[PDB]
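K.L.:
got a structure for you, letters missing:
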C-alpha cells in the first residue's frame with residue numbers, strides 16, 4: 001500500500017493514503033458479484049446478469065457504485081501499513097475518485113493516553 005502519516009496537533013493525527021487500482025477492482029469483480037450472487041437475491045437465472053443489453057444504465061450504477069466501492073477498500077489496508085492506534089468513532093474524509101485510477105482519503109481520530 002501507499003501511505004503518508006502526518007502527526008501532531010494536540011494528539012490529533014491525519015493519515016493521507018493512495019489506493020491502488022487493481023486491488024479494489026477485485027472487490028468490484030469478486031466481492032460485489034459474490035455477496036450479491038448467493039445469500040438470497042431475486043430472479044436471476046444462471047450467472048447473475050452480465051452488463052449486456054439492458055443498457056449501461058446499470059452501468060452508471062456499476063461505474064458509480066464502483067466509484068463508491070473503489071473509494072472504501074485500501075484506506076483500511078493503508079492505515080495498517082504505516083501502523084497507528086484507535087480510539088472512538090473514526091471520521092472518513094473522502095478525496096476525488098477517478099475511475100480505474102488511484103484513490104486518496106483520510107482519518108482523523110484520537111488515541112488513548114499512554115506514558
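P.N.:
In hand now; what should we look at? Numbering: from 1, shown residues only.
K.L.:
who touches the spatially closest residue to residue 62 that is not a sequence neighbour in this structure?
P.N.:
Once flanking residues are discounted, residue 62 sits nearest to residue 51: 6.8 Å by Cβ to Cβ, 6 or more residues apart in numbering. Backbone N, C-alpha and C define where each C-beta goes, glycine included. Neighbouring residues of residue 51 by Cβ atoms under 8 Å, 6 or more residues apart in numbering: 58, 59, 62.
K.L.:
and residue 101, by the same measure?
P.N.:
With Cβ under 8 Å, 6+ apart, residue 101 has these contacts: residue 21.
K.L.:
what helix or strand is it on?
P.N.:
Of the helices and strands defined by DSSP states H and E, none includes residue 101.
K.L.:
where neighbours are concerned, which of the contacts of residue 51 has the most?
P.N.:
residue 62 (15 neighbours; other Cβ atoms under 10 Å).
K.L.:
tell me the SS of the residue positioned nearest the centre of the chain?
P.N.:
Taking Cα atoms, centre = their mean, the centroid of the chain lies closest to residue 72, which sits 1.5 Å from it. Taken by DSSP: H, G, I helix; E, B strand; the rest coil, the conformation at residue 72 corresponds to helix.
K.L.:
just the ones of the contacts of residue 51 in helices?
P.N.:
58, 59, 62 (DSSP state H).
K.L.:
from those, which is closest to residue 88?
P.N.:
Set against residue 88, the nearest of the ones in helices among the contacts of residue 51 by Cβ to Cβ is residue 62 (35.0 Å).
K.L.:
contacting residues for that closest one?
P.N.:
Contact analysis of residue 62 by Cβ under 8 Å, 6+ apart lists 28, 51, 56.
K.L.:
repeat for residue 24
P.N.:
Per Cβ under 8 Å, 6+ apart, neighbours of residue 24: 69, 70, 72, 73, 74, 103.
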